[PDB]
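Coordinate inspection notes
Below are the chains, spelled out letter by letter.
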Amino acid sequence: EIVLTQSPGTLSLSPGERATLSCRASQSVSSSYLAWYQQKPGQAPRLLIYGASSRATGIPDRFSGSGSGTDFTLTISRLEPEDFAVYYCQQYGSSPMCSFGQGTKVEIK
Amino acid sequence: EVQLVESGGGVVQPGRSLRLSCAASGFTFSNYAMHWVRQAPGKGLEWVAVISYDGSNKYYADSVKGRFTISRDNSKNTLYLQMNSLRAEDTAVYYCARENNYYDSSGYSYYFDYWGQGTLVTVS
Amino acid sequence: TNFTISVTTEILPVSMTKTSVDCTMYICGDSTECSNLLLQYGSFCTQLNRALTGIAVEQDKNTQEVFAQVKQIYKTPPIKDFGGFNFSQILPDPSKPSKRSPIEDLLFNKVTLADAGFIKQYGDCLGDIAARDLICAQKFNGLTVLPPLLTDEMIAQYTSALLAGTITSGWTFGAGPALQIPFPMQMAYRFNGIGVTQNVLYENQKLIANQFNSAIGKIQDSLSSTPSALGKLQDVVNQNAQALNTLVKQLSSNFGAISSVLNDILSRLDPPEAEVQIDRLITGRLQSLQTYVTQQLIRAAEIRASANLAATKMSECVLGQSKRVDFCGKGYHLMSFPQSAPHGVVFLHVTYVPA
Amino acid sequence: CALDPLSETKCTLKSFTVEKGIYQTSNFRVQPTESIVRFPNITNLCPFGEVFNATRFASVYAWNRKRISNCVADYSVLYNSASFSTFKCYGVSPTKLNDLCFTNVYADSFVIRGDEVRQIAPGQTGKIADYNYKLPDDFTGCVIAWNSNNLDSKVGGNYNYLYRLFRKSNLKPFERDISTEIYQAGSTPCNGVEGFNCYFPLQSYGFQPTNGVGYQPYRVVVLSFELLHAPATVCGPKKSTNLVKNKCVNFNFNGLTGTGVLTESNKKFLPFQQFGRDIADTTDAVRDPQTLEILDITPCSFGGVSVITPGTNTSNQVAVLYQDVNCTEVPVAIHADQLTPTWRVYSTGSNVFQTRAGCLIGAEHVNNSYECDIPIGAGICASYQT
Ligand SMILES: *[C@@H]1O[C@H](CO)[C@@H](O[C@@H]2O[C@H](CO)[C@@H](O)[C@H](O)[C@H]2NC(C)=O)[C@H](O)[C@H]1NC(C)=O
Ligand SMILES: *[C@@H]1O[C@H](CO)[C@@H](O)[C@H](O)[C@H]1NC(C)=O
Ligand SMILES: *[C@@H]1O[C@H](CO)[C@@H](O)[C@H](O)[C@H]1NC(C)=O
């Protein structure tokens, strides 16, 4: 049983800078068995980061995530207009279960 | 290309039965493991279930276990999610996802590479 | 005042699925100790393989009595001056990659091995050409589908030889090779042998030719949509498929043992305490194979009787016609216009029922 | 038998004279084997019977379920401790119990009478069998008990050991009920106190050296070796060999003893799936217990052989027919090429022929067409020409 907590629930920033998203677990998540996803609104989620450190295929180097232990982060520098969507943290190791966090939508300020 | 074309949505009265189907094309369906994945409107997303490539290893979530059941058929490359006794909090968009595993020497990484198109299931 | 030539599908099975179980590694797969325990049994499964070997050979003979009656693989003449007859609806077409007909495309597309167990699997395993796969005969349990000796192209070409021979050379071609004759010289004895005066044909060859074109339009309209109309071979590739699945589902059964697997019952227990359980597994899997071999023999007798019926239906009946009433099937019968099928023969009558 | 393709049609039909025909035969023979042993990272030093001893023997109505986790456990010492009066193991051999692994070990200590380990068994009759400690019918584990007259008794015996003999329902398997509730037997209610036709359903044992052997003290530890879909945390002394891939040997992986050829895999699992199964529930792929690497099992020693021959009246020159092997140097690997020579000529060389019925090597291919005297399959036919 690991619950996943994120902060904030919705972020609003101007395009072009860095966007900071955070994820937080309930235990000591070992070896980062989690991932980051892009649910474009109305559409299916699309994988960005796997292993909380490595980018996927068709995924540029502007998305970058890191973390250890409990506090887990995502940093997206230079905000293009296609980068404003709902992002998740999703565990699958440690337990047999899969658990999601509540996520954050990135908006425009 | 890879395609996880899924169907089974609509409006179903509570307490009835349903059978969501995730047909697959473009890969070997008996080579990869399978995931049922759901999303309530306005909330985040909630995991449902996992079955292996063979069907000997099933697991379900905590608010899922008993009613929901999962199966597969490899001859038609199809994943089956069978619905017994529906409840009004199960109004959600359901997704089929596949599990691709990038091996490394220091461990075993897990991600969701390919998805469906989402099937809305409403219970009223 | 008239007559109908209500041509029907007389669907009869030539063959079955050319099966081959390997006894030693169906019963004792991935174990040498179990093969030594089947050696104490000894000759109780290889004979079964020999039985299925004999069964396999007779499916080959069930092709050869039907399609290979003529001694020469003749082609049709390249002009299609049949007399307004659309015999390209039953002749093989070289424009297709497989020499078939537009009714035989429906024959290839009506009956399916789709919802069948194992035959669906061992079928596109040969159509892999993608991974290494190793062996289709070993990855799929130990059961085996042998390919037929005569494929669909040679079976359709042997239909094409007699479709050349019957119309372009008379009924006389069955005694030896194709012996060419005019088509009004072919029709001379044919109407007079069934008691109908032949001048109505020779004044209205367009009318009776268009009636036979309407008859093949009738089998187009019948064989377009109905799935049960090609039922019996479908039933055969249902039933043997059921007889395949009932084999493999009995590896999931226990037969009075503690597990349906052999690896755990040879790993967890010492064979001093486990010979009495693994011999229960031997006799359960072996009575499953006994029930398979006796059902396949009883069905193989039925399919052989049906194949000699289809072969007899154009044995002497290519080489002539009847004298008494219903010697070749239905009514005042004239001739035979066979096609090819998956695991069988699908047949067309020529009838006469007065009105 | 293991020398020529003709030499192994001559063994499958038990006659030194073969005829002319296609001959579907048996094993490809020889196949040298060895052994591969792989069993995981281990914690060592396990809670044996040396922590299940001395004082504080658990109650028969208030036992617990001792969660034995990650350790290596030599199960031969618990068999050969020579102080235990009854072992009866349920689908597992007691002698070769050390050659297995499980996900956890569930030990349950309680003290009963001397006539009751015939009732601690699957699916028994009697009250204290079905009302105090229930076992499932498909149980996979042992029962361990011994006399403890000089340790589990005092003067007048213990009044701490209380079996339950009345209850309105039978127990579920492995179920605990630690209630201390008065039960009603008749018309007059109890309501927390005793009285007329009220029985106290817990019952104190009589533990004296003057008492009978059938009521003597007798602690029982039941070891439940369950096999979940988790990695094997508890194992036995199985010292590990290497991992050689291809070359078919006998193997054992988390207690799954089999024999096959070990290949690299293209197949994807779950977090804890140690075993991948089959349609007819055999084994197709096994997770490695150490490196967590995907593997693949397939049988060896077969390809699909059907040796065509013109008979030994003519000559000894033969040819073969593999069935689904498409001979792009693949029956170097299918037919596992460690056999003796005068077979490797008829495996890969010249005279390679591709057919829908698989490959025929050892005979001519002729662009003309002739007659059939020895049918082969999928539209080809051979003969014998001089
Ligand atoms: C604790 O339990 C263990 C085994 O159940 C007992 O230890 C054995 O004692 C004998 C001599 O008393 C030794 O020879 C053995 O080597 C011991 N170890 C074993 C069998 O693993 C011990 O007697 C118990 N302690 C008590 C009852 O106080
Ligand atoms: C034969 O099978 C192998 C599989 O390793 C494949 O690479 C090759 O293309 C195949 N050849 C033909 C002609 O199908
Ligand atoms: C323990 O497991 C690791 C991989 O997780 C492996 O590299 C190592 O060799 C194992 N230890 C031993 C003693 O084999």
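As stated in the entry header, the method of structure determination is cryo-EM and the reported resolution is 3.6 Å.

As recorded in the PDB entry, chain D goes by Spike protein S1 and comes from Severe acute respiratory syndrome coronavirus 2. Here the PDB entry title reads "Protective effect of human non-neutralizing cross-reactive spike antibodies elicited by SARS-CoV-2 mRNA vaccination".

By the naming in the PDB entry, chain C goes by Spike protein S2 and is assigned to Severe acute respiratory syndrome coronavirus 2.

Description of the overall build of chain D
Within chain D one finds 3 helices and 21 strands. Relative to its length of 386 residues, chain D is extended, with a C-alpha radius of gyration of 32 Å against a globular reference of 21 Å. Taking the principal axes of the C-alpha coordinates as reference, chain D spans close to 110 × 45 × 40 Å. For chain D, with 386 residues in total, the buried portion stands at 49%. Counting only contacts in chain D whose residues sit at least 6 apart along the sequence, the fraction spanning at least 24 positions is 71%. On chain D, roughly 18,900 Å² of surface is accessible, and the fraction owed to carbon and sulfur atoms is 52%. Within chain D, one finds 32 positive and 32 negative side-chain charges whose respective centroids are separated by 9 Å.

As for the UniProt feature "disulfide bond" in chain D
Residues and elements named next belong to chain D. Measuring sulfur to sulfur gives 2.0 Å for the UniProt disulfide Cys248/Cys300, short enough to count as a bond. Note that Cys248 is positioned in the loop between β13 (234-235) and β14 (249-253) and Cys300 in the loop between β18 (295-298) and β19 (306-310), a separation of 52 residues in sequence. The class for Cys248 is buried, based on a relative accessible area of 3%. On the basis of relative accessibility, which here comes to 17%, the residue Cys300 falls in the buried class. Here the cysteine sulfurs of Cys327 and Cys359 are separated by 2.0 Å, meaning the disulfide UniProt annotates for them is intact. Here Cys359 lies in the loop between β19 and β20 (374-375) and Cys327 lies in the loop between β19 and β20, a separation of 32 residues in the sequence. Assessed through its relative accessible area of 3%, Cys359 is described here as buried.

Considering helix α11 (residues 205-223) of chain C
Residue and element names in this part refer to chain C. For α11, built from 19 residues, the straight-helix expectation of 27 Å at 1.5 Å per residue is met to within 8% by its first-to-last C-alpha distance of 27 Å. Restricting attention to buried positions, one finds in α11 the residues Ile208, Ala209, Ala215, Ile216, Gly217, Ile219 and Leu223. Of the surrounding secondary structure, the elements contacted by the buried residues of α11 are α4 (102-110), α9 (188-192) and α10 (199-203).

Focus: the arrangement of the chains
For the 5 pairs of chains in contact, the largest share of contacts goes to chains C and D. Regarding chain A and chain C, the two do not touch, and the least distance separating their C-alpha atoms is 23 Å.

Considerations on the pairing of strand β4 (residues 34-39) of chain A
All names here are of chain A. With 6 of 6 residues buried, β4 is to be regarded as a mostly interior element. Along β4, one buried face is formed by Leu34, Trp36 and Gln38 and the opposite face, lined by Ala35, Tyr37 and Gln39, is buried too. Taken together, the 6 bridges between β4 and strand β9 (residues 86-91) define a ladder with antiparallel strand orientation. Residue pairing in the sheet places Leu34 in a bridge with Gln91 of β9. As judged from the 5 bridges shared by β4 and strand β5 (residues 45-50), these two strands associate in the antiparallel manner. Bridging from a neighbouring strand, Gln39 pairs with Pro45 of β5. The turn linking β4 back onto β5 is made up of 5 residues, and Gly42 within it adopts a positive phi angle of 95°.

Conventions adopted
Residues numbered from 1 in each chain as written, not as in the entry; some residues may be left out. Chains lettered and ligands numbered in written order. Heavy atoms only, no water. Helix = DSSP H or I, 4+ residues; strand = E, 2+ residues; numbered from the N terminus. Rg over C-alpha atoms; globule rule 2.2 N^0.38 Å. Buried < 20%, exposed > 50% of the residue type's maximum accessible area, 1.4 Å probe, protein only. Contact = heavy atoms within 4.5 Å. Areas by Shrake-Rupley, 256 points an atom, 1.4 Å probe, with all protein chains shown as cover. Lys, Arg positive; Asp, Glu negative; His and termini not counted. Charge placed at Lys NZ, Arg CZ, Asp CG, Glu CD. Disulfide = S-S within 2.5 Å. UniProt positions renumbered as here; feature names shortened; annotations may be inferred. Expected span 1.5 Å × (residues − 1). Pairing = 2+ DSSP bridges.

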